[PDB]
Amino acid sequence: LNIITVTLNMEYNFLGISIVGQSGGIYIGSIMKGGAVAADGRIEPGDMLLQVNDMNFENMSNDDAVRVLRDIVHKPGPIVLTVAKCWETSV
């Protein structure tokens, strides 16, 4: 059970994450210093973004996901992100 929810107040205009697509979730490439996500601390590079508020990406195209995510980030008020926590190892 590696999925967590992360609520951000956004009282912030920008999540401060770089998201990565490839030509069932969106990968988080990096976290931009300050916040909102950096200020919260729970989301880390390599985590997979599955949902924002009630809009789930697991069956959306990457282009629609980004569009919906931006639409919601530009709405007033708090946002809830659902994240799959990654594992990492070096080779």
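So that there is no doubt, residue numbering starts at 1 and follows the sequence shown.
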| property | result |
| --- | --- |
| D71-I72 interval: deposited residues absent from the model | none |
| Entry-level comparison of average CA B-factors, 59-67 and 43-51, reporting the higher stretch | 59-67 |
| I17 by Cα B-factor - lowest, middle or highest third of the modelled chain | highest |
| Chain third (lowest, middle, highest) by recorded CA B-factor, residue given as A38 | highest |
| Entry-reported Cα temperature factor of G24, expressed as the chain third it lands in | middle |
